[PDB]
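**Student:**
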Amino acid sequence: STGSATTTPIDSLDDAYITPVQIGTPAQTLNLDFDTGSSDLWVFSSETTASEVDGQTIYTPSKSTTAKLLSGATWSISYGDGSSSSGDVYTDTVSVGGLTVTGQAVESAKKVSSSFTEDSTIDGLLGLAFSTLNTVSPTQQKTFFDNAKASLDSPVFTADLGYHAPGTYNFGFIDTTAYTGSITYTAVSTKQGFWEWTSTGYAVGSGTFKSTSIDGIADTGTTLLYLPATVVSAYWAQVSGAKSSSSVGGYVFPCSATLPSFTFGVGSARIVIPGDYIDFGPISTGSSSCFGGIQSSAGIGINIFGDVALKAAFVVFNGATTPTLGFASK
Ligand SMILES: O=C(CCNc1ccccc1)Nc1scc(-c2ccccc2)c1C(=O)NCc1ccccc1
Numbered sequence: 070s071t072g073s074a075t076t077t078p079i080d081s082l083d084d085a086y087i088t089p090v091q092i093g094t095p096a097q098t099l100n101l102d103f104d105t106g107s108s109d110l111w112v113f114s115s116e117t118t119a120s121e122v123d124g125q126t127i128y129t130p131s132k133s134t135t136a137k138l139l140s141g142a143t144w145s146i147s148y149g150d151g152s153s154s155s156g157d158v159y160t161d162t163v164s165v166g167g168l169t170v171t172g173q174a175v176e177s178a179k180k181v182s183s184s185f186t187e188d189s190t191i192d193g194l195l196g197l198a199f200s201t202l203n204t205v206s207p208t209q210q211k212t213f214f215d216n217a218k219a220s221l222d223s224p225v226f227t228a229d230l231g232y233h234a235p236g237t238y239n240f241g242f243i244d245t246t247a248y249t250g251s252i253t254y255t256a257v258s259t260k261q262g263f264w265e266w267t268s269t270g271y272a273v274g275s276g277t278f279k280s281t282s283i284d285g286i287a288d289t290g291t292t293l294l295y296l297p298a299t300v301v302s303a304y305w306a307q308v309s310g311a312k313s314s315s316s317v318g319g320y321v322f323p324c325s326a327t328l329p330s331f332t333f334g335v336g337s338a339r340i341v342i343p344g345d346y347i348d349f350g351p352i353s354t355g356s357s358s359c360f361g362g363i364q365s366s367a368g369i370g371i372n373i374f375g376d377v378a379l380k381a382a383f384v385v386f387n388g389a390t391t392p393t394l395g396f397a398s399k
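Following mature numbering (1 follows the signal peptide of the UniProt record, and there is no 0), the numbering of the sequence shown begins with 70 at its first residue and continues without gaps.
1. Taking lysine 132 as the reference, give the member of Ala119, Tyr148, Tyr159 and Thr259 with the closest Cα.
2. With 16 other CB atoms within 10 Å as the buried threshold, where does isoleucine 369 fall?
3. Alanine 234 by DSSP, collapsed to three states: which one?
4. Quick one: give me the first and last residue of the beta strand (DSSP E) that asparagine 372 is part of.
5. Any heavy atom of ligand 1 closer than 7 Å to the beta-carbon of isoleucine 92?
6. Mind checking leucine 138: buried by the 16 CB within 10 Å criterion, or exposed?
7. Give the DSSP-derived three-state secondary structure of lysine 312 in the structure shown.
8. Which runs of the alpha helix (DSSP H) at least 4 residues long sit entirely within the segment 279-361? Give them in chain order.
9. Please identify the residue among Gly241, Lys211 and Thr204 whose C-alpha is closest to the C-alpha of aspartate 222.
10. What does the Cβ neighbour count give for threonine 249, buried or exposed, with the cut at 16 atoms within 10 Å?
11. Evaluate contact between the segment 362-377 and the segment 342-351, counting only Cβ atoms and requiring at least three cross-stretch pairs below 8 Å.
12. For the alpha helix (DSSP H) that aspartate 215 lies in, which residues bound it at each end?
13. Which class does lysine 132 belong to by DSSP, given the choice of helix, strand or coil?
14. Which residue wins for smallest C-alpha separation from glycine 141, given the options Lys211, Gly285, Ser206 and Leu394?
15. For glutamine 173 and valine 181, I'd like the C-alpha separation in whole angstroms.
16. Under a three-way DSSP split, which group does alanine 378 fall into?
17. Just verifying my parser: in three-state terms, what is the DSSP assignment at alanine 198?
18. In three-state DSSP terms, what is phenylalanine 113?
19. With a threshold of 7 Å (Cβ to nearest heavy atom), would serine 184 be considered close to ligand 1?
20. Beta-carbon separation of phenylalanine 199 and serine 154 under 8 Å?
21. Count the other C-beta atoms from every protein chain shown that fall within 10 angstroms of the C-beta of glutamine 97, then say buried if there are 16 or more, exposed otherwise.
22. Assuming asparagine 216 and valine 170 make a contact with CB atoms under 8 Å, what is their CB distance in whole Å?
23. Is the CB-CB distance between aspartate 161 and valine 112 below 8 Å?
24. Closest to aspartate 188 by CA distance: which of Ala326, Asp84 and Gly236 is it?
25. Could you check if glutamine 209 is buried or exposed, using at least 16 other CB atoms within 10 Å of its CB as the buried criterion?
26. In this structure, does DSSP put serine 140 in helix, strand or coil?
27. Just the C-alpha distance for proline 351 and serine 309, rounded to the nearest angstrom, thanks.
28. Determine the direct distance from the alpha carbon of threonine 71 to that of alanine 219, and round the result to whole angstroms.
29. Can you give the beta carbon distance from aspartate 229 to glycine 236, rounded, assuming they're within the 8 Å contact cut?
30. Return helix, strand or coil for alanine 256, following the three-state DSSP convention.
31. Cα-Cα, which of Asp109, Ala287 and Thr135 is closest to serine 145?
32. Measuring straight from C-alpha to C-alpha, what distance separates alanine 272 and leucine 168?
33. Locate the beta strand (DSSP E) running through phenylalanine 383, then write down its first and last residues.
34. Check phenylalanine 263 in the structure and name its three-state DSSP category.
35. Exposed or buried, what is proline 95 when buried is set at 16 or more other beta-carbons lying within 10 Å of its beta-carbon?
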């Protein structure tokens, strides 16, 4: 089997991407944030505290004839950025772009934090990291990809995120027309439950490539590119007027200043992020100071190849016996 779904930016800044997902019988379609940095499929629901729902589409398990409650089961997640959610657990039929999994754990939110409430465009998350991170208790539940894997033509999914444009998540096949040149595959460590890999280095603009190992994760659920302070300082030093602002919580730059590209290494291959992918616009409405898309990982404790990086590439999440990651230019 295979599946193919369009993923769309939630706003003009590409802050996140949503993908339609069918849950239950008859189908209830919710727009979920596919997140390769976590492993829970959770949704706004009829059980969500009413004051914490503001415009989201909700899943109503009582109206699904295929929904089954896991009696006593709970889930609770705290994301790296402080946000959180928790609730109980059902199994139900879940389909993405034509690909169907029966018995998928659908985690119904009783509570969500303020950032989730304030974002009306995201109805939940669909985790695509390794299932060892899944928070369901007493029995850990598998991700949608893990459940579908055996049935897929090939045990893989791909992320093709657009810049200010729609893109595609494919399951079970590699669309050879979606990228240029070849796909370079690189080793993955699953020790932390992430699609964790080691980049071979970086360049800023037309500068010389610096060979250096950067361990980080391929994370579609994180907007920005978070790298070591030394690397980030080298990037913003090439931007006139750029400063790290303690009040804003990272690097900002004069909105009209030219942004150089940022190149990262995948083995001997190179992925080039165009300068404008790094522009996240005025820090507040009407300001001529703009937020930067490359930031230090020093406070986070882990380097993150988020949407800013991934959307410059066609990315293969290869779930073979020994998982690997593939990157191609496009
Ligand atoms: O990048 C984000 C959230 C992006 N989503 C978004 C939605 C609406 C408006 C704007 C943005 N948050 C960050 S920054 C850095 C991390 C992080 C990840 C792993 C480990 C340490 C830090 C996360 C994060 O927690 N991402 C998961 C997430 C969070 C909230 C919503 C969706 C996904």
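Beta carbons are placed, not taken as given, at the ideal position from N, Cα and C, and that holds for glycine.
**Tutor:** In brief:
1. For the purposes of this step, residue 132 is identified with residue 63 of the sequence shown, where counting begins at 1. The residue with the shortest Cα to Cα distance from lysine 132 is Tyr159.
2. Working through the sequence shown from its first residue, we reach residue 369 at position 300. Exposed: under 16 other Cβ atoms inside 10 Å.
3. Counting from 1 along the sequence shown, the entry for residue 234 is found at position 165. Residue state, collapsed to three classes: coil.
4. For the purposes of this step, residue 372 is identified with residue 303 of the sequence shown, where counting begins at 1. First-last of the beta strand (DSSP E) with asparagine 372: 372-374.
5. The residue labelled residue 92 in the question sits at position 23 within the sequence shown. Flag unset: Cβ of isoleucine 92 not near ligand 1.
6. Locating residue 138 in the sequence shown gives position 69, counting from the first residue. With fewer than 16 other Cβ atoms within 10 Å, it is exposed.
7. Translated into positions along the sequence shown, residue 312 becomes position 243. DSSP places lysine 312 in strand when its eight states are reduced to three.
8. 298-305
9. Along the sequence shown, read from residue 1 onward, the residue named residue 222 stands at position 153. Taking only the C-alpha atoms, the option nearest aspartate 222 is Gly241.
10. Along the sequence shown, one-based indexing puts residue 249 at 180. So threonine 249 ends up on the exposed side.
11. yes
12. Here residue 215 refers to the residue found at position 146 of the sequence shown. 213-217 is the extent of the alpha helix (DSSP H) around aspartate 215.
13. The count along the sequence shown starts at 1 and reaches residue 132 at position 63. Reduced to three states, the DSSP call for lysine 132 is helix.
14. Taking the first residue of the sequence shown as position 1, residue 141 is located at position 72. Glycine 141 has its Cα closest to that of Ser206, out of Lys211, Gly285, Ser206 and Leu394.
15. Within the sequence shown, the letter at position 104 stands for residue 173. Within the sequence shown, the letter at position 112 stands for residue 181. Straight-line Cα distance between these residues: approximately 21 Å.
16. Within the sequence shown, the letter at position 309 stands for residue 378. In this structure, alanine 378 counts as helix in the three-state DSSP scheme.
17. As a working note, residue 198 is residue 129 in the sequence shown. It is coil, neither helix nor strand.
18. As a position in the sequence shown, residue 113 is number 44, starting the count at 1. Looking at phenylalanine 113 - three-state DSSP - the assignment turns out to be coil, as it is neither helix nor strand.
19. Locating residue 184 in the sequence shown gives position 115, counting from the first residue. Yes, the beta carbon of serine 184 sits closer than 7 Å to at least one heavy atom of ligand 1.
20. Residue 199 sits at position 130 when you count from the first residue of the sequence shown. Residue 154 sits at position 85 when you count from the first residue of the sequence shown. Contact: no.
21. By one-based count along the sequence shown, residue 97 stands at place 28. When all chains shown are included, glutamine 97 counts as buried.
22. Taking the first residue of the sequence shown as 1, we reach residue 216 at position 147. Taking the first residue of the sequence shown as 1, we reach residue 170 at position 101. Confirmed, about 5 Å.
23. Counting from one through the sequence shown, the residue named residue 161 turns up at place 92. Counting from one through the sequence shown, the residue named residue 112 turns up at place 43. Contact flag unset, no.
24. Reading the sequence shown from its first residue, position 119 is the one you call residue 188. Residue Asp84 is the option with its Cα nearest to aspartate 188.
25. One-based indexing of the sequence shown puts residue 209 at position 140. The residue is exposed, with fewer than 16 neighbouring Cβ atoms inside 10 Å.
26. As a working mapping, residue 140 is identified with position 71 in the sequence shown. Residue state, collapsed to three classes: strand.
27. As a position in the sequence shown, residue 351 is number 282, starting the count at 1. As a position in the sequence shown, residue 309 is number 240, starting the count at 1. Computed Cα separation, rounded: 16 Å.
28. Residue 219 sits at position 150 when you count from the first residue of the sequence shown. Residue 71 sits at position 2 when you count from the first residue of the sequence shown. Cα to Cα, the separation comes out at about 11 Å.
29. Here residue 229 refers to the residue found at position 160 when the sequence shown is read from its first residue. Here residue 236 refers to the residue found at position 167 when the sequence shown is read from its first residue. Yes, they are in contact, since the Cβ atoms of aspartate 229 and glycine 236 sit about 5 Å apart, within 8 Å.
30. Reading the sequence shown from its first residue, position 187 is the one you call residue 256. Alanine 256 falls in the strand class under three-state DSSP.
31. Locating residue 145 in the sequence shown gives position 76, where the first residue counts as 1. The residue with the shortest Cα to Cα distance from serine 145 is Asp109.
32. Position 203 of the sequence shown holds residue 272. Position 99 of the sequence shown holds residue 168. Going by the C-alpha atoms only, they are around 39 Å apart.
33. Reading the sequence shown from its first residue, position 314 is the one you call residue 383. That run of the beta strand (DSSP E) goes 383-387.
34. The count along the sequence shown starts at 1 and reaches residue 263 at position 194. It is coil, neither helix nor strand.
35. To locate residue 95, count along the sequence shown from 1; it is residue 26. Exposed, because fewer than 16 other Cβ atoms sit within 10 Å of the Cβ of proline 95.
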